[PDB]
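Fold and geometry: a report
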Amino acid sequence: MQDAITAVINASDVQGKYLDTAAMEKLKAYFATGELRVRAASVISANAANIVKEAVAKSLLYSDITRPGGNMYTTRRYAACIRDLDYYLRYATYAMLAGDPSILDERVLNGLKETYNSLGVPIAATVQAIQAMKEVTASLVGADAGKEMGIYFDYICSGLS
Amino acid sequence: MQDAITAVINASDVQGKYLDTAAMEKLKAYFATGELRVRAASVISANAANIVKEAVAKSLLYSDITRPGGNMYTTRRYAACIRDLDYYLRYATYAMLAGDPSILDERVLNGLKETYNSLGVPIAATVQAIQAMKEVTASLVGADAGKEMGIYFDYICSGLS
Amino acid sequence: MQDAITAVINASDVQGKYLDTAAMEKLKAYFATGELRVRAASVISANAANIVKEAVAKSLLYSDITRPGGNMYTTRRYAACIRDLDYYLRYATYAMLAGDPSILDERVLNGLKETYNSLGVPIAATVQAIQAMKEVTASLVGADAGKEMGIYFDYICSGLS
Amino acid sequence: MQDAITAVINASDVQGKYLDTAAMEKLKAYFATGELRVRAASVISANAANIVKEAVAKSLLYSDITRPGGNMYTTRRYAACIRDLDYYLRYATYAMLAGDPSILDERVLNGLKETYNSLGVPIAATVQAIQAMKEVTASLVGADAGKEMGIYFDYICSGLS
Amino acid sequence: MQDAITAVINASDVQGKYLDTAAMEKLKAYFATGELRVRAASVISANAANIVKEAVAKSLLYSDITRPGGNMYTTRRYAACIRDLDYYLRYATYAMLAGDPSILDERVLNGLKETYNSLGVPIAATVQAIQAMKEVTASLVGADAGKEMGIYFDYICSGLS
Amino acid sequence: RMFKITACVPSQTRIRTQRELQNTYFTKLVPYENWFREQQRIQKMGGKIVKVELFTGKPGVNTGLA
Amino acid sequence: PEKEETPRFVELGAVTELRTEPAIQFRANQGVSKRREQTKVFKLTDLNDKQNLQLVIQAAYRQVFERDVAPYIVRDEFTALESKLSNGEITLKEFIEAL
Amino acid sequence: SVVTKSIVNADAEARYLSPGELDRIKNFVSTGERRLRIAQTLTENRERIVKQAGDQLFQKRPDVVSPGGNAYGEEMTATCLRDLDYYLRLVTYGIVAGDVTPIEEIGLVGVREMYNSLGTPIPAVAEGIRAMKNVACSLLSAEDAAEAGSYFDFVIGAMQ
Amino acid sequence: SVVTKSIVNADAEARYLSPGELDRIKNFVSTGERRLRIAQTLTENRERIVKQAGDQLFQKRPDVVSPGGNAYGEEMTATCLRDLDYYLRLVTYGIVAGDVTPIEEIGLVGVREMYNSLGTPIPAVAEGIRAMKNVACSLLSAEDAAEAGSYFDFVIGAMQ
Amino acid sequence: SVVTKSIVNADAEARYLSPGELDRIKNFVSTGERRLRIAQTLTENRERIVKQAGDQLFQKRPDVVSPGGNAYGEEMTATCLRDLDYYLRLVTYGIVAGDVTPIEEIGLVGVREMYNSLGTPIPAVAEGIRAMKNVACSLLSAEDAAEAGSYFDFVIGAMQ
Amino acid sequence: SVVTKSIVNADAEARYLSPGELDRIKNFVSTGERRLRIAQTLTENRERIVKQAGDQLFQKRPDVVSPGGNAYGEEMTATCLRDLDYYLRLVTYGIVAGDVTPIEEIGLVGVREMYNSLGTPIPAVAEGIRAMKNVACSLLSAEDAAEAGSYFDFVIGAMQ
Ligand SMILES: *[C@H](C)[C@H]1/C(=C/c2[nH]c(/C=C3N=C(/C=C4\NC(=O)C(CC)=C4C)C(C)=C\3CCC(=O)O)c(CCC(=O)O)c2C)NC(=O)[C@@H]1C
Ligand SMILES: *[C@H](C)[C@H]1/C(=C/c2[nH]c(/C=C3N=C(/C=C4\NC(=O)C(CC)=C4C)C(C)=C\3CCC(=O)O)c(CCC(=O)O)c2C)NC(=O)[C@@H]1C
Ligand SMILES: *[C@H](C)[C@H]1/C(=C/c2[nH]c(/C=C3N=C(/C=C4\NC(=O)C(CC)=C4C)C(C)=C\3CCC(=O)O)c(CCC(=O)O)c2C)NC(=O)[C@@H]1C
Ligand SMILES: *[C@H](C)[C@H]1/C(=C/c2[nH]c(/C=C3N=C(/C=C4\NC(=O)C(CC)=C4C)C(C)=C\3CCC(=O)O)c(CCC(=O)O)c2C)NC(=O)[C@@H]1C
Ligand SMILES: *[C@H](C)[C@H]1/C(=C/c2[nH]c(/C=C3N=C(/C=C4\NC(=O)C(CC)=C4C)C(C)=C\3CCC(=O)O)c(CCC(=O)O)c2C)NC(=O)[C@@H]1C
Ligand SMILES: *[C@H](C)[C@H]1/C(=C/c2[nH]c(/C=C3N=C(/C=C4\NC(=O)C(CC)=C4C)C(C)=C\3CCC(=O)O)c(CCC(=O)O)c2C)NC(=O)[C@@H]1C
Ligand SMILES: *[C@H](C)[C@H]1/C(=C/c2[nH]c(/C=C3N=C(/C=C4\NC(=O)C(CC)=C4C)C(C)=C\3CCC(=O)O)c(CCC(=O)O)c2C)NC(=O)[C@@H]1C
Ligand SMILES: *[C@H](C)[C@H]1/C(=C/c2[nH]c(/C=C3N=C(/C=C4\NC(=O)C(CC)=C4C)C(C)=C\3CCC(=O)O)c(CCC(=O)O)c2C)NC(=O)[C@@H]1C
Ligand SMILES: *[C@H](C)[C@H]1/C(=C/c2[nH]c(/C=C3N=C(/C=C4\NC(=O)C(CC)=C4C)C(C)=C\3CCC(=O)O)c(CCC(=O)O)c2C)NC(=O)[C@@H]1C
């Protein structure tokens with residue numbers, strides 16, 4: 001796991017130098033942006049259920065996927081699908097707060113490809129669903145925070161695909 | 001590559017027995033059904049372009065997949081997608097004529113999974129497209145031949161997924 | 001794991017349909033044969049050790065395999081061989097009781113060929129042994145039940161191949 | 001392979017938009033710096049062998065690596081080392097001319113770490129050598145062009161790490 | 001391939017002398033006519049299809065040659081004939097732009113007689129046809145340019161003859 | 001025992017916009033081992049075999065072949 | 001007032017997903033490798049053009065031996081003269097095989 | 001089903017089916033014809049059961065079909081009835097299976113999570129299934145009705 | 001672009017960019033401002049070019065918008081104009097790139113295969129792009145128009 | 001049907017079905033399975049036949065769909081295509097029945113009166129049915145297509 | 001001919017004909033009389049097939065025979081009709097041969113290049129051959145007309 005600060009100091013550590021003025025400038029930038037990150041996290045944490053609900057309705061419902069034999073059909077699988085969507089949103093906001101995508105690659109996308117292939121989950125349908133999540137969450141947090149949530153959502157999409 | 005006849009004689013060969021009366025009954029059944037297979041192949045070979053056109057229109061068009069950045073966007077990729085659909089239909093009718101799915105597994109589905117994952121092709125979208133092909137081709141060849149084309153199309157779907 | 005009834009209702013559930021008249025047919029047929037299945041299971045439960053005993057004697061004893069350097073030699077490996085035969089017979093009676101071979105594939109034949117190849121166990125010799133079991137168990141249960149046991153013993157043989 | 005202009009138009013194409021004013025900005029900036037890039041490329045094309053010569057002398061010679069048992073020892077391996085440095089310098093000039101690092105990633109740094117680990121080549125020593133090349137080439141091209149060469153030499157170093 | 005500049009400097013190179021003022025004069029003369037050569041090339045590039053069409057109609061068509069048994073008969077033969085005329089016109093425009101007949105002499109004329117005689121293609125008819133091409137192209141480019149082109153067309157005619 | 005050969009390769013399969021004279025008419029030095037295989041391939045392609053010579057080697061030599 | 005609506009053709013071909021750098025990096029480099037069209041093919045079109053002949057000889061080294069052979073050879077052990085301005089190995093089908 | 005449950009429980013203990021289990025499956029086999037008859041009646045009257053039970057549900061919960069309710073409008077009310085239809089189908093599966101395993105796995109694991117994501121009220125779904133149970137019992141004889149009514153009872157109990 | 005083509009051709013021969021190629025990219029760099037200006041004009045008047053060129057195309061090919069034609073009806077004619085819009089966008093990409101590589105790869109490899117699958121007439125698409133070329137040239141100065149008109153000419157030539 | 005044709009002819013003369021009449025009935029009932037298959041292909045592909053034949057009709061007779069024509073706008077073109085669907089349905093009835101009496105009773109006695117009251121051009125309707133015949137022949141096998149083509153031919157003849 | 005193809009395959013593998021390949025040529029030998037009969041009726045009715053099909057083609061797309069069309073004027077129309085006769089006798093050669101190799105060699109390779117050099121529209125050529133196919137089908141029995149139609153279909157596909 002890493003942060004923007006942790007990444008900066010770890011890079012300087014690899015070189016073996018005390019924090020340079022350029023490293024300090026990166027750290028200062030992250031500190032300047034920290035308040036904006038905290039605000040955005042406060043917003044989507046409150047609306048997490050609504051974000052999942054809207055995304056599911058917009059892309060995953062009233063289709064063959066959620067009708068007999070569709071992988072979202074059966075209440076167990078429907079619960080699992082919405083649980084995965086909250087997983088994605090929760091880790092996306094973790095990555096947004098951190099300012100680093102190392103969280104997503106270390107946790108979310110380690111073999112997630114392989115699990116979904118085994119389970120029979122449609123990767124493309126999950127990618128569509130989290131794309132819808134990206135649209136909703138961007139609107140909630142605003143444009144500048146949305147383009148920060150957007151990159152982490154797209155990173156998850158790329159890992160799935 | 002195998003046929004229904006080739007599979008029957010190969011099974012008897014593995015046991016080391018001349019063709020038993022049960023083996024002869026299987027062979028006789030395939031001969032009885034051969035004319036029906038030939039008819040169905042004659043039908044879809046004539047309508048191969050129409051089957052691909054209808055399936056593409058029903059599932060693959062007027063969606064994000066065929067609009068900028070969608071994997072079917074760009075004329076090169078559109079040509080490749082319809083070419084893959086004709087590949088699937090041609091091998092499906094080969095398997096229908098043979099009465100054996102060994103053709104599909106030996107040719108069509110050897111690493112097709114891996115190629116599509118590498119290319120970035122959406123497996124789910126291809127499966128939807130060939131499902132639409134299955135509907136159109138079943139209607140053309142009739143119910144009894146359609147349920148024979150259907151199993152081979154579904155075998156391709158399972159290999160992709 | 002599945003049985004005949006579970007398989008029928010699962011197939012109907014996949015196609016999103018109440019139980020068909022043909023599905024009701026399959027259910028009736030299983031119920032008609034069910035009492036015969038129960039009686040056969042009781043018989044070979046009582047004679048399980050005896051069936052293994054006879055089959056081992058009739059193909060696996062006084063042979064190059066049980067003589068030194070033939071894999072079945074050594075008391076360890078002899079115990080493992082007879083235990084595997086008891087496994088096969090017990091899972092065959094499970095499959096016969098259920099009326100479905102899904103148990104065999106899901107719990108017995110998955111990875112069994114791979115393990116046997118790694119261990120050095122002769123897949124041909126195990127197949128011969130369980131065919132000997134098939135003869136003995138058919139004699140004990142009777143002809144009608146022996147047929148039913150056979151379609152699952154042969155299933156195990158094919159998986160081993 | 002891409003360049004600055006190709007990257008800008010490809011990004012705009014992915015988003016299905018005519019060239020933005022910001023995209024036009026990036027294109028203008030590349031054109032403003034383009035003539036400087038061309039002049040620098042001419043300089044290090046003439047002095048390519050000399051740059052490799054100096055860098056090899058300044059970090060890779062009279063050291064434990066070139067003494068027996070240090071990988072660079074043996075005339076074969078010395079020729080391979082200097083050839084790799086020429087590869088790195090030539091691809092760095094390609095990247096500088098293009099204004100994009102995609103060439104480095106696509107043709108140089110893909111699998112390079114894996115091959116070096118298998119061969120036993122010291123990734124640290126190669127990184128030190130190309131940093132020496134960076135100093136020499138910066139002196140020859142000039143300060144402005146040397147910065148541009150550096151952002152691609154460092155890219156190669158990071159890939160090697 | 002050789003051009004006016006290459007011919008002048010090649011003659012000086014055989015002399016072993018630097019560029020004389022007379023050689024510079026020859027280069028100046030070629031530069032003087034290079035302007036007209038460029039626009040003539042543009043004109044016949046756009047009208048190349050029309051030029052070949054008109055020449056073929058003028059001499060090749062409605063003849064026993066394109067009637068059965070005349071060697072131009074058969075669609076493949078007709079396509080090859082117009083392909084050769086396209087070749088001749090394109091090489092003629094290359095020679096006209098260069099101001100030198102080297103391209104014709106080496107790339108086209110050598111071996112063409114042997115291939116045509118072996119295949120049975122009528123060299124007299126080809127010479128007549130490219131003569132017709134010369135007339136049409138002279139009309140399109142203009143008189144001065146037609147003088148420039150016609151010499152190369154006649155050069156090809158002599159090579160065929 | 002390299003064979004010097006002269007041959008034609010007319011092709012009806014396609015009409016070629018790019019240069020075809022080079023492949024069409026050619027002379028090549030084919031070794032004795034290759035000549036049967038190449039002869040069969042060019043004969044199958046239907047090109048006329050204009051000329052053959054034994055560029056290297058001797059017309060008949062029991063041993064000491066190249 | 002003037003209505004100032006968008007035309008339908010704008011909406012039909014507009015992607016409305018707000019794609020970002022990871023998505024653009026992936027969606028632009030989706031498909032077969034770009035080295036299918038970012039490559040060059042060499043031909044011995046004219047034995048007389050010596051510049052091209054040197055390029056094609058070197059290219060044959062690059063494909064057959066996977067790298068330029070100046071490292072890993074004591075001396076150059078290939079006579080390309082039979083391929084160059086001669087019919088002995090005029091067939092690149094023979095020069096490649098000889099290598 | 002009873003057969004698959006017995007096999008599972010015996011496989012875990014690595015024991016051939018004991019006579020205590022073998023008689024259980026024999027009993028279920030014997031009553032199979034009655035079970036199939038009950039399911040056949042339910043599937044015959046699929047559409048009547050769903051239609052009139054849904055009307056009863058909407059009568060007892062007018063808020064559900066009122067504006068602002070979950071099942072408001074032509075298509076929304078049809079999806080609500082579709083869920084009732086799904087549960088009837090699961091009930092027929094459970095009846096022929098002889099246990100509640102198909103009902104449980106297909107439609108009662110996480111039913112609350114699914115319905116809360118949808119915004120649907122779980123108690124109102126329960127009342128709809130209760131109405132279906134009443135209608136189905138009216139279409140069955142007293143012994144047949146009480147045998148099937150237990151599967152309905154399991155469904156409503158899980159809904160609560 | 002010219003830069004990427006030169007780099008590709010040089011990488012294959014393993015040669016640093018020769019001066020013959022370096023001057024080519026220098027020329028393209030120098031005229032970049034004019035190229036950007038042409039593209040900026042085209043993207044400004046995107047909607048006018050597409051609208052009136054499409055009207056010209058339908059005037060010259062009434063069969064295309066007549067009933068039974070490919071682009072018949074409100075949405076179908078809008079997709080036809082959308083294709084024209086796509087080609088205009090590709091043309092602007094090609095203009096700033098300085099070569100036809102972006103146009104070729106994005107929209108002219110297999111254009112006939114795509115359009116024949118759709119059932120669309122390729123020559124009519126070509127005439128639509130010709131109308132766009134005329135309108136775009138009217139919006140450019142004579143030198144600017146002829147520089148861009150060649151990219152349009154490449155597109156129509158591939159369409160044929 | 002053919003059974004009705006035989007029975008009507010027998011009833012008129014007050015005689016049990018003659019052996020020849022009964023022979024015809026035996027042939028018809030033996031051929032019934034293939035008849036039902038041919039009709040089933042037409043019904044299953046009922047949308048393709050109508051859509052493609054509608055396009056062919058509108059191409060060949062553009063006046064009906066042009067403004068000022070009978071089928072102008074999607075509102076009225078829908079009714080024209082519906083009538084084409086009607087006649088496909090009648091043809092499937094005829095294929096199953098083995099006679100043109102279903103077609104003639106339902107939709108060929110008085111077409112001249114009905115369409116002349118609606119204003120519709122009957123020759124254009126005939127073109128539409130001929131287009132349906134060609135499209136259906138594409139879908140059907142040659143031997144079967146000949147049999148179905150006869151019923152299509154009866155319809156076009158009646159409307160000429 | 002299939003005989004030619006079988007020899008080519010066996011020559012490629014350096015094998016004498018396998019019994020299956022020998023059986024293929026045996027079957028074609030017996031089929032020869034039927035194939036000759038089909039070709040014989042085509043040549044007997046060659047004039048009638050060409051004439052009415054040509055008039056139908058000109059009626060279909062009159063721009064060909066209108067001023068500005070490639071076949072404007074009696075001489076130009078006569079030569080195009082001559083081409084139609086050429087292609088019909090190509091199809092006769094293909095019918096007796098049993099494969100399309102003679103048709104391809106005589107008149108297909110470079111079809112676009114020949115007719116665009118002449119300025120003739122290849123889609124119009126396709127419609128002309130389609131008319132020839134329809135007239136030929138009328139003069140052939142339905143069973144026989146399937147065999148000749150396949151060669152016609154290949155030719156029109158190659159025209160495109
Ligand atoms: C009806 C008694 C109550 C009610 C329900 C209601 N449900 C939905 C939507 C869905 N219901 C399901 C249910 C299931 N999926 C399953 O796999 C199973 C087990 C077999 C069940 C029961 C699902 C998946 C959906 C999502 C939509 C879809 O199927 O595609 C709605 C629609 C909600 C909306 O606004 O979109 C409603 C209204 N509503 C009521 O008022 C009743 C009390
Ligand atoms: C307009 C000048 C002509 C015309 C065209 C027409 N096209 C379509 C449908 C599609 N067109 C495309 C085109 C492209 N895809 C690409 O990736 C590119 C390169 C950037 C191009 C040019 C595609 C993909 C489609 C499919 C639908 C979709 O985009 O989702 C239609 C609609 C066809 C239909 O009936 O569905 C039409 C009508 N039609 C004309 O009349 C003109 C001559
Ligand atoms: C169409 C339904 C979907 C789609 C496909 C798509 N495929 C490719 C590229 C390739 N596809 C294959 C697959 C096969 N090879 C085979 O031999 C067979 C039959 C046995 C199959 C199915 C391969 C090998 C390739 C790569 C080689 C090639 O160029 O074809 C592409 C990319 C094409 C490109 O990048 O230039 C695409 C887009 N795309 C879709 O959107 C559909 C869902
Ligand atoms: C001996 C004192 C008593 C006795 C023994 C008896 N044994 C057998 C048969 C077998 N015994 C073995 C034993 C071993 N196999 C091993 O690998 C090892 C360790 C190296 C041992 C000890 C085996 C394999 C057999 C099977 C026959 C075979 O070898 O193929 C029998 C025959 C049983 C029969 O009816 O078939 C007997 C009688 N019998 C006595 O009375 C003694 C008390
Ligand atoms: C007897 C007919 C043949 C034979 C058998 C033999 N088997 C093993 C070892 C293993 N067998 C299994 C198989 C199973 N495991 C299971 O759980 C089930 C049911 C679900 C089966 C069928 C496994 C896992 C092993 C390895 C682990 C173990 O020892 O149990 C051996 C031992 C090999 C060794 O040396 O380690 C032998 C000898 N041998 C014969 O000669 C017969 C032909
Ligand atoms: C010698 C007769 C002539 C000569 C040589 C000279 N060599 C160097 C430097 C190096 N030479 C080597 C040689 C080898 N490395 C090997 O692995 C092998 C095979 C086992 C050989 C032969 C190397 C590696 C170097 C680099 C220095 C080092 O070892 O680290 C120099 C020094 C060059 C300089 O300026 O740095 C010289 C002068 N010089 C002569 O005048 C002779 C004609
Ligand atoms: C020099 C700074 C260091 C060093 C290098 C060394 N490298 C190799 C071998 C290989 N290097 C490569 C790398 C590339 N191949 C490429 O095509 C490109 C550009 C796209 C690069 C960067 C490869 C593929 C090899 C292996 C194949 C080959 O021999 O060329 C060696 C040889 C190792 C061996 O013994 O086989 C060496 C010695 N050695 C040093 O000491 C420096 C730190
Ligand atoms: C025909 C339905 C359409 C059409 C054609 C048209 N063709 C020509 C002229 C020629 N056609 C040929 C064709 C062939 N030569 C062959 O060897 C074969 C295969 C055996 C074929 C099919 C040739 C050679 C000519 C050139 C004249 C000649 O024969 O010498 C014309 C005349 C063109 C002119 O202006 O000179 C025309 C009009 N035109 C149509 O409108 C139809 C759609
Ligand atoms: C047209 C004026 C006359 C005619 C021509 C005809 N030519 C060929 C075949 C060939 N022509 C060439 C010539 C060239 N090849 C080249 O690359 C160039 C440019 C440097 C030229 C000039 C060659 C090599 C061939 C043979 C290989 C091939 O097919 O390309 C044919 C075909 C002969 C055949 O049947 O195989 C014909 C008919 N025919 C005429 O009637 C005109 C007088």
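Above this text you will find the structure in question.
The structure reproduced in this document is the subject of the present report. (Residues numbered from 1 in each chain as written, not as in the entry; some residues may be left out. Chains lettered and ligands numbered in written order. Part of a larger assembly, values for the part shown. Heavy atoms only, no water. Residues with missing side-chain atoms left out of burial classes, pairs and counts.)

Once that is clear, we can look at the packing of aromatic side chains. This model, assessed by the stated rule, comprises 21 aromatic pairs over all chains. Aromatic pair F31 of chain C and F28 of chain H: ring centres 5.3 Å apart, planes at 80°, arrangement edge-to-face. Here the residue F31 of chain C occupies a position in helix α2 (residues 21–46), and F28 of chain H occupies one in helix α2 (residues 19–30), the pair thus bridging two chains. Taken as a pair, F31 of chain C and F28 of chain H share a single burial class, namely buried. (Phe/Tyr/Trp six-rings, centres within 6.5 Å; stacked < 30°, edge-to-face > 60°. Helix = DSSP H or I, 4+ residues; strand = E, 2+ residues; numbered from the N terminus. Buried < 20%, exposed > 50% of the residue type's maximum accessible area, 1.4 Å probe, protein only.)

Let's shift gears to the pattern of salt bridges. Tallying each qualifying case throughout the model produces 54 salt bridges over all chains. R82 of chain H is paired through a salt bridge with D83 of chain H; the nearest N and O atoms lie 3.2 Å apart. A single salt-bridge network, built from bridges that share partners, covers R34, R35, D144 and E147 of chain K. (Salt bridge = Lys/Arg side-chain N within 4 Å of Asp/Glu carboxyl O.)

This part is about the sheet that holds strand β1 (residues 3–8) of chain F. Residues and elements named next belong to chain F. The three strands are arranged β2-β1-β3 in an open sheet whose pairing can be described as antiparallel. With one partner strand each, in any of the chains shown, β2 (25–30) and β3 (49–53) form the two edges of the open sheet. With strand direction ignored, the average angle separating the axes of adjacent strands in the sheet is 15°. Pairing of β1 with β3, which is carried by four bridges, proceeds in the antiparallel orientation. Its bridge partner lying in β3, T6 is registered against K51. Sheet strands touched by helix α2 (residues 32–45): β1, β2 and β3. Its angle to β2, the strand with the most contacts, is close to 150°. (Pairing = 2+ DSSP bridges. Axes fitted to C-alpha atoms, helices over the stretch in contact; angles between N-to-C directions. Contact = heavy atoms within 4.5 Å.)

Residue and element names in this part refer to chain D. The environment of ligand 6 is formed by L61, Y62, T66, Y73, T74 and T75. Calculation on ligand 6 without its partners gives an accessible area of 890 Å², and the protein chains cover 31% of this total. For the shell around ligand 6, the class distribution of residues is three nonpolar, three polar and no charged. (Near = heavy atom within 4 Å. Areas by Shrake-Rupley, 256 points an atom, 1.4 Å probe, with all protein chains shown as cover. Nonpolar A, V, L, I, M, F, W, Y, C, P; charged D, E, K, R; others polar.)

What follows covers the site of ligand 1. Close to ligand 1 lie 26 residues; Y62 and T74 of chain A together with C80, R82 and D83 of chain H are nearest. Within the backbone of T74 of chain A, one N or O atom sits 2.7 Å away from an oxygen atom of ligand 1. Between a nitrogen atom of ligand 1 and a side-chain N or O atom of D83 of chain H, the distance comes to 2.7 Å. For ligand 1, the protein covers 94% of the area, taking 900 Å² as the surface of the free molecule. The set of elements that each furnish at least two residues to the shell around ligand 1 consists of α4 (75–98) of chain A together with α6 (74–97), α8 (111–118) and α9 (122–139) of chain H. Sorting elements by how many residues they give to the shell around ligand 1 places α6 of chain H first, with eight residues. Here the shell around ligand 1 is composed, by residue class, of 18 nonpolar, six polar and two charged. (Polar contact = N/O pair within 3.5 Å; in protein donor to acceptor, adjacent residues only side chain to side chain.)

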